[PDB]
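What follows is a single chain, given as structure tokens, in the form deposited in one PDB entry.
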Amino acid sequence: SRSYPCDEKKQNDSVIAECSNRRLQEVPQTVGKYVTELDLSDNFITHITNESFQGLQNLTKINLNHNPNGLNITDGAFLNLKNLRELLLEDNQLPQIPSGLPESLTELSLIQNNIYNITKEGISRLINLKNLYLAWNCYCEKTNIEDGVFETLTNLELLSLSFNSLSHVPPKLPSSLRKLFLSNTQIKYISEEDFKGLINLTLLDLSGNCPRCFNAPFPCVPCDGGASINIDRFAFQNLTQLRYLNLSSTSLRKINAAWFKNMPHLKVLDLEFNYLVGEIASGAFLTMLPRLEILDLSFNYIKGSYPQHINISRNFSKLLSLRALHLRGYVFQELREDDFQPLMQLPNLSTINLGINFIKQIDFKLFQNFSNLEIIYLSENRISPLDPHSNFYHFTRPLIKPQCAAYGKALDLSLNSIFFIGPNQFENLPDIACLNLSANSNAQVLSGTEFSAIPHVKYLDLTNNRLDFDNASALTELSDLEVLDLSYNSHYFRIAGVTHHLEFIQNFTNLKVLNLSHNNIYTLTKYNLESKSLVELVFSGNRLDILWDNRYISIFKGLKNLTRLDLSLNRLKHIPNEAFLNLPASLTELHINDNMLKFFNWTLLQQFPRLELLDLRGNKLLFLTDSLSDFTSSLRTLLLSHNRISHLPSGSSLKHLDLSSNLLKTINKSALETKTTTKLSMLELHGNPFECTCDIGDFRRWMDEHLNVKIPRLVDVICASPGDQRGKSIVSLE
């Protein structure tokens, strides 16, 4: 009962069917009637008729996005499915809203289509709609929205008409609306009557109307003569429940304070890509936002201006509930303590985003003066030594990595002019626990005194630099250091009998993660790496081939507590038997992928009784041992994809085996002896040049007898020979 072409799985007391990206030309009739969620996205389906979803009465969600990669859907093709609640029809080239849609629809998405008319024949009958996404359609000179087409939808909570030539706000909208998205809708004027009966609205998006074109991923055209969006003085007078307001890219050169007169619950205000340098210095509207938590005034700079200081209005002190302030792209030369005086008394202000400001000098003592700062983002400055469902205007990704941020106070000084750690670099700073010094052309010879002013740093990112850590005292001032990242570090001052010297590692009593990736380590001097606390070591992108010379045979034996070792991208052709035996016995994960391994001694796995994962992908291995069970009794996952294995040898802990992208021609009956209690739950085999003759017949019987072994991508398990079966899956054989 192995399903094809859908990889079905149980989810929240209901079986679902993942059938996406399988090159299907039409709706498959081999889908179980018990499924509730069918996903057929990224396929070549061209027609949707009444017989497409025949007998699937329990279908509550259908995803038919990107079909074909136009779509001919007949009238009333989905009406027969009485339980259909969520229907996604994105990127289908539909010229109109499909007719005969079932009234049970609570979620309908018709994004990236050719829908130019919003008719009552396809919308008004859907009285149970809660979410309606009609983005990217007339992006027709204007979208034809029928008068009162949404009035019948008394249950609508979200209406997204973004990226459409609207020009005017649609009249007669349902009072139940809570989220109104109208971004890039060409609406140059907002009146009081546009949001008359929307007293329960909690979100209003009016961004991209009269935009300031700055690195837009979509077409951008200004309002002729630098015109701003004309919002009426009483346009938001009846929006008492408004929490989110997006006025990004609206060429605003003045903010009327009366807009927030009856808006006391406003939590997020977006004002990026405007011309509010003057409004930041005066700020009349700032005294009207006592419950605002996120204020974003990014990329509001004056073109061709590089002022000495940032002019922050005193009225910024009236934003008592503020938690995050994003001031990217303001462009200024110096940040003094006096400049950020209106922000120092805000109790909840934990995030200050000053990225891409080209600040040459910062008085870092002003950060001590803040009451609850947790994130200080200063990336892309000049500090010197000593997808339609996306937010396209706001920096939504975490400014600093959540793993770094979890340790405590975070400071990001990456992409700055810190070419060496100065003696006064970290003086007068708060108790920093997370620090980013990435991409700074830093060639500091770490001698054990550089980070003394911030000694409680636990997560230190020193990637993309030219640092020298040959000294044993390097970074020892950070006693509580737990994660050190030296990814892509290029040694700038190599000594013949010194570089690379990793003696500083054994000084740390709590360092758990160390990333020495892409360091170009081809020489070592002690020659071993000792540490009683180190758990994870990333030695990828180095030269282990050169090291493994009989002096570096026990290079990692000192790391007694090491559980994860990544030896990928090391140009390893053959790991010596003595060198492999000197690896820590405590290892649970070993990644020796993307190398040039021609042979691998499986016999050596007997000295690793805790090894649960062995990654050997992207190699040139040809032979597999016939007695693996004798060497390992704990190996749960074995990845061997993109190798040259052309034969599987004959003959309980192994649950996952990856044999995809290999040279396997067939699987014989002798290797299918599963009379033993082997708990195999996953077996990948896609990309093998199989023989669809009577040789694969014995393997086909094993697949039907052992249904618990999951074989993914059944459409990609293709047999190359013979010509009659070239291209077809191995499961569609006589």
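Rigid core here is just the name for the largest C-alpha set that superposes within 1.5 Å across the two forms. Position 1 is the first residue in the sequence shown; the rest follow in order.
Across the other entries compared, none leave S20 without coordinates where the residues on each side are present, so it is far from a third. Modelled in this chain, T674 is nonetheless unresolved in at least one third of the other entries of the protein that span it on both sides. According to the PDB entry, the deposited sequence runs on from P423 to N424 with no residue lacking coordinates between them. Missing coordinates between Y139 and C140 amount to 4 to 9 residues of the deposited sequence. Higher mean CA temperature factor, per the PDB entry, when comparing 374 to 382 with 84 to 92: 84 to 92.
Comparing the deposited coordinates for 617 to 625 and 444 to 452, the stretch with the larger average C-alpha B-factor is 617 to 625. Per the deposited record, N128 carries the highest C-alpha B-factor of all listed residues (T525, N128, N570, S207).
In the PDB entry, a CA B factor belonging to the lowest third of its chain's modelled residues is recorded for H394.
Sorting the modelled residues of the chain by their CA temperature factor places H491 in the lowest third.
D387 sits in the middle third of its chain by CA B factor, as recorded in the PDB entry. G355: CA B factor in the lowest third of modelled residues in this chain (values from the PDB entry). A77: CA B factor in the highest third of modelled residues in this chain (values from the PDB entry).
Omitted from view is the form deposited in another entry, to which the following refers.
Rigid-core fit between the shown form and the other one: of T499, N582, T240, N601, the one residue whose Cα shifts 2 angstroms or more is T499. With the core superposed, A216 shows a C-alpha displacement of at least 2 Å between the shown form and the other one. Inter-residue distance, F218 to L134 (Cα): increased by at least 3 Å in that other deposited form versus the depicted form. Figure legend: C-alpha atoms of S109 and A216, shown here, are separated by at least 3 angstroms more in that other deposited form.
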